[PDB]
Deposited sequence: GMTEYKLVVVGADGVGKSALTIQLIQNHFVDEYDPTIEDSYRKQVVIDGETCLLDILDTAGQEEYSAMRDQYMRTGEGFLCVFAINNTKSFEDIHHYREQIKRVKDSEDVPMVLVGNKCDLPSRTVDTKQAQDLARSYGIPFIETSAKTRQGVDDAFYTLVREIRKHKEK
């Protein structure tokens, strides 16, 4: 079966771990336990194809160069109530594009914490940025699990399209 190496990137606190844990364990992590590095495996069925997801959950370096080279697809995560994390997105995309020496790298823009009321990043703002990059935009909530499977499965489909 096909294996997909996915990397979850973004500013410290956007919900990279909570999104990953919701995907893998169907569990919401309320606590804020900072990540050094953690990878997870999950067998899933996407478009009738049973495949293996190998997901790397990163810290919000030679180690960074290595996983960006290895990573087939990237979830660029920001929190919808955090303008600073949205402003950070281009820095992550720039690092990945530089390491992979490609303007065509499978990526998905993820607007997390969509369950929270005081939103500072509009859907239009996020959609316009994702459109300028030629990538999908998915609104997610690691709290309710809204859009979690969508973000990861969409990334897998972007990888399938690329190859």
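Engineer: Wait, which stretches of the deposited chain are just not there in the structure?
Structural biologist: Those stretches are 1, 62-65, 169-170, listed in order.
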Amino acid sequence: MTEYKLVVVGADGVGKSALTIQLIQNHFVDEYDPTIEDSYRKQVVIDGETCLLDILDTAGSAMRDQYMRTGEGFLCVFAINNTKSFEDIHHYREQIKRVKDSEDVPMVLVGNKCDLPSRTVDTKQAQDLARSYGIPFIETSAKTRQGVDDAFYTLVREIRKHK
From here on, numbers count along this sequence of modelled residues.
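Engineer: So, looking at the entry's B-factor column for Cα atoms, which has the higher mean, 72-80 or 89-97?
Structural biologist: Per the PDB entry, the higher value belongs to 89-97.
Engineer: Between 126-134 and 27-35, which has the higher average C-alpha B-factor in the PDB entry?
Structural biologist: Higher of the two, by average CA B-factor, is 126-134.
Engineer: In terms of CA temperature factor as recorded, identify the highest of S61, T58, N112, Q43.
Structural biologist: Result of the comparison over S61, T58, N112, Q43: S61.
Engineer: Taking only the Cα B-factors deposited for this chain, tell me whether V108 sits in the lowest, middle or highest third.
Structural biologist: CA B-factor rank for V108: lowest third.
Engineer: Based on the entry's values, in what third of the chain does the Cα temperature factor of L6 lie: lowest, middle or highest?
Structural biologist: For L6, whose C-alpha B-factor we compare with every modelled residue in the chain, the answer is the lowest third.
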